[PDB]
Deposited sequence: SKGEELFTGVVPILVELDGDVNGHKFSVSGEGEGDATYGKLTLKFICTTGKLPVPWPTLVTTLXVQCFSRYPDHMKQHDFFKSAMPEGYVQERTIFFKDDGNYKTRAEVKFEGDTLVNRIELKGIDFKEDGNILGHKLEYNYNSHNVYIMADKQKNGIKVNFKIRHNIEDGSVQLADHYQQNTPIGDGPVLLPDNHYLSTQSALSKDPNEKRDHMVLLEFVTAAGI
């Protein structure tokens, strides 16, 4: 593939997010690195405008699937890396069951040798006392399967999956994700056969950090073929 060679080593990552949820404007910056050979990501995020108005876990999916590990026999299906370095646009609507929804738009591409994910997020119709604005979510994260299928007319892919966020009372808050990725360049991209990415993430805190933040370690590997 084209961009495949761009991910052979450890690649630095820079994340920029501007958000507005129910009238509360905020920004998050993140830095770290990704090692696609092992499907590994290590990143630290900071809310640069003060306290984050929504729970950090709700932003995980939004805050670079080109770092997923694709087994050798599945390389022909790696759309994400095939779109580099010009990049792809990734859009989503995230529906929080019995609550609001996030609508996001991001561009992920290389700037020099840094992989950048620049995102705009708008959150609407959230209940002021629901699990999100009420900060009722536990600070942890579950493993999920992310389903990918080709969208040939759009020369891109459609992705869909459900995230299960543990709530403090033992219950669960579901977040249905609908995603569309399209290439930024005019060049060719690899359009995949159906498959999924198996994801696991662990959230932690930097004991020395006084700003509102989240440390994230994540492993993602492709499967299903």
Where are the gaps relative to the deposited sequence?
64
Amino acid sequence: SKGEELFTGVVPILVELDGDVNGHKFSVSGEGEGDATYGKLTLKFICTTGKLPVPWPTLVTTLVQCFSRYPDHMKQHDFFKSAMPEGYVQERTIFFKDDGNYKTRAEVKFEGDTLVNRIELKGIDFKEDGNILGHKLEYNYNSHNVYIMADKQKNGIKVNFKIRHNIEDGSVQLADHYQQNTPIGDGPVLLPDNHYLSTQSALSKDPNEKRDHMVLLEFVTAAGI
From here on, numbers count along this sequence of modelled residues.
Could you settle it for me: does 111-119 or 128-136 have the higher average Cα B factor in the PDB entry?
128-136
Selected stretch [higher average CA B-factor]: 22-30 or 174-182:
22-30
Can you pull the Cα B-factors for 76, 93, 90, 142 from the entry and say which is highest?
76
By the record's CA B-factor, is residue 213 among the lowest, middle or highest third of residues in the chain?
middle
Looking at the entry's B-factor column for C-alpha atoms only, identify whether residue 168 ranks in the lowest, middle or highest third of its chain.
highest
Lowest, middle or highest third: where is residue 103 by C-alpha B factor in its chain?
lowest
Lowest, middle or highest third: which one holds residue 55 when the chain's residues are ordered by CA B-factor from the entry?
middle
Compared with the other modelled residues in the chain, in which third is the CA B-factor of residue 17?
middle
